[PDB]
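Undergrad: Supplied in structure tokens, the structure appears directly below.
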Amino acid sequence: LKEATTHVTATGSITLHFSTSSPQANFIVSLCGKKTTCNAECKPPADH
Amino acid sequence: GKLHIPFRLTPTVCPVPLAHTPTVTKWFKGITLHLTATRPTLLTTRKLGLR
Amino acid sequence: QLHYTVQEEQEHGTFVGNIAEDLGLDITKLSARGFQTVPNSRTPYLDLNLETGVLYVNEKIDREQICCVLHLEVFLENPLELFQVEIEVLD
């Protein structure tokens with residue numbers, strides 16, 4: 001992930017940035033103590 | 001006797017030319033450098049790893 | 001880049017120019033930055049004080065012997081810079 005700590009108020013939405021080397025993004029975000037899995041299908045980059 | 005040998009070879013600064021900046025075209029696992037140099041200029045490349 | 005002038009048969013230690021005050025270089029940083037005369041552009045008639053950055057007369061300026069002007073260069077390290085001074089002698 002790009003960032004380390006996030007300001008959290010209540011029942012809201014936040015965004016994070018990340019970098020990966022796999023076409024699949026099946027990983028675990030530990031938002032503020034507990035874990036939560038995330039699934040994706042990433043594309044190859046345009047820039048060589 | 002001994003005499004001094006004058007004109008000691010001392011450190012100093014002195015300008016060198018800066019060549020024309022290459023044009024880098026990007027292809028897959030590689031780059032093509034387009035190079036312009038009126039005088040012979042040194043290009044040195046190395047890989048950032050074990051070999 | 002600097003342009004200075006002197007009169008004819010001046011004396012040793014007489015003021016010629018202030019390199020640091022004219023170039024904007026900080027005077028108290030001259031020792032740490034290494035303000036020094038370039039070994040090429042040296043003259044047997046003008047020398048500069050290292051601490052004050054002031055160029056003065058070292059030897060009495062003979063108008064007939066030196067001729068038509070005089071040139072000197074200074075160099076400084078961290079950052080690396082070079083400067084040139086050209087001095088006219090009157091008749």
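Residues in the structure tokens are numbered from 1 in each chain, the chains being A, B, ... in the order shown, and ligands are numbered from 1 in the order shown.
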Which residues of chain B are close to chain C, meaning at most 9 Å apart when you count only C-alpha atoms, and how do they look as a ChimeraX atom specification?

TA: /B:10-15

Undergrad: Determine, counting only C-alpha atoms, which protein, DNA and RNA residues have an atom within 12 Å of an atom of segment 45-60 of chain C; residues of the same chain fewer than 2 positions away are not included. Present the result as a PyMOL selection string.

TA: chain C and resi 2+4-38+41-43+62-66+69-76+85-89

Undergrad: Take the residues just selected and output them with C-alpha atoms as a JSON list (two decimals), in the first residue's frame.

TA:
```json
[["chain", "number", "residue", "atom", "x", "y", "z"],
["C", 2, "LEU", "CA", 34.53, 41.00, -13.49],
["C", 4, "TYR", "CA", 38.38, 46.19, -12.67],
["C", 5, "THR", "CA", 40.89, 48.98, -13.23],
["C", 6, "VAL", "CA", 44.11, 50.18, -11.60],
["C", 7, "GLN", "CA", 46.27, 53.28, -11.90],
["C", 8, "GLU", "CA", 49.88, 53.40, -13.04],
["C", 9, "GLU", "CA", 52.63, 52.44, -10.56],
["C", 10, "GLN", "CA", 50.40, 51.59, -7.63],
["C", 11, "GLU", "CA", 51.88, 50.18, -4.41],
["C", 12, "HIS", "CA", 51.81, 46.76, -2.76],
["C", 13, "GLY", "CA", 48.65, 46.14, -0.77],
["C", 14, "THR", "CA", 46.64, 48.88, -2.48],
["C", 15, "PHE", "CA", 42.98, 48.09, -3.10],
["C", 16, "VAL", "CA", 41.97, 46.81, -6.54],
["C", 17, "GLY", "CA", 38.68, 44.97, -6.18],
["C", 18, "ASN", "CA", 36.25, 43.10, -3.96],
["C", 19, "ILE", "CA", 35.50, 39.74, -5.58],
["C", 20, "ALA", "CA", 33.05, 38.44, -2.96],
["C", 21, "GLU", "CA", 31.02, 41.66, -2.66],
["C", 22, "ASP", "CA", 30.71, 41.96, -6.44],
["C", 23, "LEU", "CA", 29.93, 38.30, -7.17],
["C", 24, "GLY", "CA", 27.45, 37.91, -4.31],
["C", 25, "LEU", "CA", 29.45, 35.09, -2.73],
["C", 26, "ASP", "CA", 29.21, 34.87, 1.05],
["C", 27, "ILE", "CA", 32.41, 36.09, 2.71],
["C", 28, "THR", "CA", 32.34, 33.86, 5.81],
["C", 29, "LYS", "CA", 31.92, 30.70, 3.68],
["C", 30, "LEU", "CA", 35.05, 31.33, 1.57],
["C", 31, "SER", "CA", 37.28, 29.14, 3.76],
["C", 32, "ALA", "CA", 34.86, 26.20, 3.85],
["C", 33, "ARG", "CA", 34.09, 26.49, 0.12],
["C", 34, "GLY", "CA", 37.77, 26.86, -0.78],
["C", 35, "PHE", "CA", 38.09, 30.29, -2.36],
["C", 36, "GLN", "CA", 41.43, 30.10, -4.17],
["C", 37, "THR", "CA", 43.21, 31.52, -7.20],
["C", 38, "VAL", "CA", 43.13, 29.19, -10.21],
["C", 41, "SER", "CA", 45.20, 32.45, -14.51],
["C", 42, "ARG", "CA", 47.91, 33.74, -12.19],
["C", 43, "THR", "CA", 49.71, 37.06, -12.43],
["C", 62, "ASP", "CA", 54.98, 48.47, -14.61],
["C", 63, "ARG", "CA", 52.99, 49.73, -17.60],
["C", 64, "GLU", "CA", 55.85, 49.12, -20.05],
["C", 65, "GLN", "CA", 56.76, 45.61, -18.87],
["C", 66, "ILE", "CA", 53.24, 44.11, -19.02],
["C", 69, "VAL", "CA", 45.22, 43.92, -19.73],
["C", 70, "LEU", "CA", 45.59, 41.36, -16.94],
["C", 71, "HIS", "CA", 43.50, 38.26, -16.30],
["C", 72, "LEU", "CA", 42.92, 36.14, -13.19],
["C", 73, "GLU", "CA", 40.55, 33.30, -12.26],
["C", 74, "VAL", "CA", 39.11, 31.99, -9.00],
["C", 75, "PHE", "CA", 37.61, 28.59, -8.24],
["C", 76, "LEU", "CA", 35.34, 27.37, -5.45],
["C", 85, "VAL", "CA", 38.50, 38.89, -13.52],
["C", 86, "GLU", "CA", 39.95, 41.25, -16.14],
["C", 87, "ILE", "CA", 41.92, 44.29, -14.94],
["C", 88, "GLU", "CA", 42.87, 47.37, -16.97],
["C", 89, "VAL", "CA", 46.10, 49.31, -16.38]]
```

Undergrad: Return as a PyMOL selection string the residues belonging to chain B that are within 10 Å of chain A, counting only C-alpha atoms.

TA: chain B and resi 25-31

Undergrad: May I have all residues of chain B that DSSP, computed from the backbone, assigns to strand (DSSP E), given as an mmCIF file with N, CA, C and O atoms, in the first residue's frame?

TA:
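What follows is the written file result37.cif:
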```cif
data_model
loop_
_atom_site.group_PDB
_atom_site.id
_atom_site.type_symbol
_atom_site.label_atom_id
_atom_site.label_comp_id
_atom_site.auth_asym_id
_atom_site.auth_seq_id
_atom_site.Cartn_x
_atom_site.Cartn_y
_atom_site.Cartn_z
ATOM 1 N N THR B 23 17.647 10.666 -27.137
ATOM 2 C CA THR B 23 16.221 10.416 -27.306
ATOM 3 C C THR B 23 15.956 8.942 -27.034
ATOM 4 O O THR B 23 16.452 8.075 -27.758
ATOM 5 N N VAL B 24 15.178 8.656 -25.997
ATOM 6 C CA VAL B 24 14.968 7.293 -25.526
ATOM 7 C C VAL B 24 13.616 6.815 -26.032
ATOM 8 O O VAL B 24 12.575 7.374 -25.664
ATOM 9 N N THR B 25 13.628 5.784 -26.874
ATOM 10 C CA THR B 25 12.409 5.120 -27.315
ATOM 11 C C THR B 25 12.311 3.767 -26.623
ATOM 12 O O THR B 25 13.304 3.040 -26.527
ATOM 13 N N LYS B 26 11.119 3.440 -26.140
ATOM 14 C CA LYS B 26 10.929 2.356 -25.187
ATOM 15 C C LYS B 26 10.226 1.186 -25.866
ATOM 16 O O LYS B 26 9.104 1.339 -26.359
ATOM 17 N N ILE B 31 15.494 -0.383 -24.462
ATOM 18 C CA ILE B 31 15.437 1.017 -24.854
ATOM 19 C C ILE B 31 16.409 1.255 -26.001
ATOM 20 O O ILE B 31 17.518 0.706 -26.021
ATOM 21 N N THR B 32 15.988 2.077 -26.956
ATOM 22 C CA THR B 32 16.844 2.556 -28.030
ATOM 23 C C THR B 32 17.213 4.001 -27.731
ATOM 24 O O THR B 32 16.331 4.853 -27.570
ATOM 25 N N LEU B 33 18.512 4.265 -27.650
ATOM 26 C CA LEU B 33 19.035 5.602 -27.418
ATOM 27 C C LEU B 33 19.458 6.190 -28.756
ATOM 28 O O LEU B 33 20.349 5.650 -29.421
ATOM 29 N N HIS B 34 18.809 7.282 -29.151
ATOM 30 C CA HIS B 34 19.201 8.054 -30.319
ATOM 31 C C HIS B 34 20.192 9.116 -29.867
ATOM 32 O O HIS B 34 19.880 9.934 -28.989
#
```

Undergrad: Which neighbours of residue 38 of chain A fall inside 8 Å, counting only C-alpha atoms, when residues of the same chain fewer than 4 positions from it are skipped, and could you give them as a PDB file with N, CA and C atoms, in the first residue's frame?

TA:
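And here is the file that came out, around.pdb:
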```pdb
ATOM      1  N   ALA A  25      -5.063  -9.804  -7.896  1.00  0.00           N
ATOM      2  CA  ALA A  25      -4.844  -9.105  -6.634  1.00  0.00           C
ATOM      3  C   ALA A  25      -5.783  -9.712  -5.598  1.00  0.00           C
ATOM      4  N   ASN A  26      -5.336 -10.809  -4.996  1.00  0.00           N
ATOM      5  CA  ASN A  26      -6.057 -11.496  -3.931  1.00  0.00           C
ATOM      6  C   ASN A  26      -5.233 -11.323  -2.666  1.00  0.00           C
ATOM      7  N   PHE A  27      -5.612 -10.363  -1.826  1.00  0.00           N
ATOM      8  CA  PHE A  27      -4.741  -9.969  -0.726  1.00  0.00           C
ATOM      9  C   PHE A  27      -5.576  -9.501   0.458  1.00  0.00           C
ATOM     10  N   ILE A  28      -4.892  -9.110   1.529  1.00  0.00           N
ATOM     11  CA  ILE A  28      -5.525  -8.838   2.814  1.00  0.00           C
ATOM     12  C   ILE A  28      -5.181  -7.420   3.241  1.00  0.00           C
ATOM     13  N   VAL A  29      -6.202  -6.581   3.384  1.00  0.00           N
ATOM     14  CA  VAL A  29      -6.057  -5.250   3.956  1.00  0.00           C
ATOM     15  C   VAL A  29      -6.461  -5.334   5.419  1.00  0.00           C
TER      16      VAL A  29
END
```

Undergrad: Excluding same-chain residues fewer than 6 positions from residue 31 of chain A, what lies within 12 Å of it counting only C-alpha atoms, as a short mmCIF file (atom, residue, chain, number, x, y, z; two decimals) with C-alpha atoms, in the first residue's frame?

TA:
```
data_model
loop_
_atom_site.label_atom_id
_atom_site.label_comp_id
_atom_site.auth_asym_id
_atom_site.auth_seq_id
_atom_site.Cartn_x
_atom_site.Cartn_y
_atom_site.Cartn_z
CA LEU A 1 0.00 0.00 0.00
CA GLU A 3 -0.17 4.97 2.78
CA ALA A 4 0.27 3.68 6.33
CA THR A 5 -2.30 5.41 8.58
CA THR A 6 -5.78 6.66 7.74
CA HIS A 7 -8.04 9.14 9.52
CA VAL A 8 -11.30 7.37 10.40
CA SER A 13 -15.52 5.53 2.70
CA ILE A 14 -11.74 5.82 2.32
CA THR A 15 -9.35 5.15 -0.55
CA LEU A 16 -5.84 3.71 -0.71
CA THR A 37 -9.71 -9.89 1.87
CA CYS A 38 -9.82 -8.21 -1.54
#
```

Undergrad: How far is it from atom CA of residue 68 of chain C to atom CA of residue 91 of chain C, in Å with one decimal?

TA: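 It comes out at 11.3 Å.
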
Undergrad: Figure out the distance between atom CA of residue 84 of chain C and atom CA of residue 67 of chain C, please, to one decimal in Å.

TA: 20.1 Å
